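Observations on chain architecture
Chain by chain, the residues:
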Amino acid sequence: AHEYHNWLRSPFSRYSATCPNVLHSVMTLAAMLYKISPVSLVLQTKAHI
Amino acid sequence: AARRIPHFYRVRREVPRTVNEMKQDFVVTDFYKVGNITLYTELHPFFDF
Amino acid sequence: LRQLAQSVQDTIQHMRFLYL
Amino acid sequence: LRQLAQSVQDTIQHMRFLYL
Amino acid sequence: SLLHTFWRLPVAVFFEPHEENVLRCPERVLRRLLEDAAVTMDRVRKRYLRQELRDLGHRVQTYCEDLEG
Amino acid sequence: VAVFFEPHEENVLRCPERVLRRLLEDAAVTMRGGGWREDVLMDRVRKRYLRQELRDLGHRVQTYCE
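Below, the structure is looked at part by part. (Residues numbered from 1 in each chain as written, not as in the entry; some residues may be left out. Chains lettered and ligands numbered in written order. Part of a larger assembly, values for the part shown. Heavy atoms only, no water.)

**Notes on the overall build of chain B**
- A count of helical and extended segments in chain B gives two helices and zero strands.
- Judged by the C-alpha coordinates and their principal axes, chain B covers about 45 × 25 × 15 Å.
- Of the roughly 4700 Å² of accessible surface on chain B, a fraction of 64% belongs to carbon and sulfur atoms.
- Taken together, the 8 basic and 6 acidic charged side chains of chain B have centroids lying 14 Å from each other. (Helix = DSSP H or I, 4+ residues; strand = E, 2+ residues; numbered from the N terminus. Areas by Shrake-Rupley, 256 points an atom, 1.4 Å probe, with all protein chains shown as cover. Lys, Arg positive; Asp, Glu negative; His and termini not counted. Charge placed at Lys NZ, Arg CZ, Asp CG, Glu CD.)

This is the structure in C-alpha cells:
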C-alpha cells in the first residue's frame, strides 16, 4: 500500500472498473501514461496534443 | 560497401540529423512561427537550400 | 578446323575473369 | 599465314612481357 | 605517460566554447572512442606471371600443333 | 566546478612509458617497404591496358582466323 509512492494510482483502477471491453478503452490506458515532465510537455504541445 | 555495411555500425556514434529531416517534424500551423529553425533554409518551392 | 583458335579466345577471357 | 600467325602471337606475347 | 606541466598549481576555468579551448573529456567517452578506433581496422601477380608462362607453353604447343598440316 | 591548467611553452608531454613508443617504431619500420601508393596507379593502368590488349588479341584471333 504505497499509492503515493507507486507509479500507477487509483484513478487507473477506477477507470478500469467502468471501461467498455473494446479496443479503444485499451488504447486510453496507454495515453493516460503520458509523463508530465517539462520536455514531455514540449513534445505534446508541439504535436498539438 | 556490401561487406562494409556491418563495418559501418562498428562505431557506436550517431550521425547528426539532416536538415530535410528537420523540416518534417513541424505540424501545418506552427511551421510559419519562429519556433521553426529551418525557415532560413526554405527559399524556393523548386529547390532545397 | 578453326575452333582451335576459339579455344584460346575462350581461355583469355577465362584468365581475364581470373586475374582481374 | 600460319607461320605468320604463330610468329605474331609469340612476338605479341614477348611484348606482353613488357607490361609487368 | 602523463604530462609534465610548468605551472605547479591548477587553475579553474570559466570560459565559453567561443573563448579559448580546453580538453574536457569524460572517461567512458574516451574509452568508447578508443574502442571505435581499435575496431575499425602482391605475389598473386607473380602467380599470374607464372601462369602466363604456362599459357606461353600451351601456345607454343599450339604452334607445334598447327604447322604439321 | 572545474579544475584545469593554463598552457605554456614549458609544459611537456612525456613518452608513453616506452610501451607504446616501441609499437610506434614497429609501425614505422613495418611500412618503410610496402604499398607506396604510387605504383598502385601504375598497377591500375597496367591492368587496364593489359585487359585492353588481351581483348585486342581476342579480336585478332577471332577475325584473322576467319
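Having put the structure on the table, let's press on.
**Quick word on the pattern of salt bridges**
Residues and elements named next belong to chain B.
- Enumeration over the complete set of coordinates arrives at seven salt bridges over all chains.
- Residue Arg17 pairs with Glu21 through a salt bridge whose shortest N-O separation is 2.7 Å.
- Look at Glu21 and you get partly exposed, because its relative accessible area is 40%.
- As a salt-bridge pair, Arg17 and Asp25 come within 2.7 Å of each other at their nearest N and O atoms. (Salt bridge = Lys/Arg side-chain N within 4 Å of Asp/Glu carboxyl O. Buried < 20%, exposed > 50% of the residue type's maximum accessible area, 1.4 Å probe, protein only.)

**Some remarks on the arrangement of the chains**
- Summarising the chain contacts, eight pairs of chains touch, and the pair with the most contacts is chains E and F.
- The two units chain B and chain C are non-contacting; their minimal C-alpha-C-alpha distance is 19 Å.
- There is no contact between chain B and chain F; across them, the least C-alpha separation is 20 Å. (Contact = heavy atoms within 4.5 Å.)

**Quick notes on unusual backbone geometry**
All names here are of chain F.
- Backbone geometry at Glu17 places phi at a positive 55°, although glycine is not the residue there.
- Along the polypeptide, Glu17 turns up in the loop between β2 (12-13) and α1 (21-29).
- One non-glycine residue, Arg18, lies in the positive phi region at around 50°.
- Here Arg18 shows up in the loop between β2 and α1.

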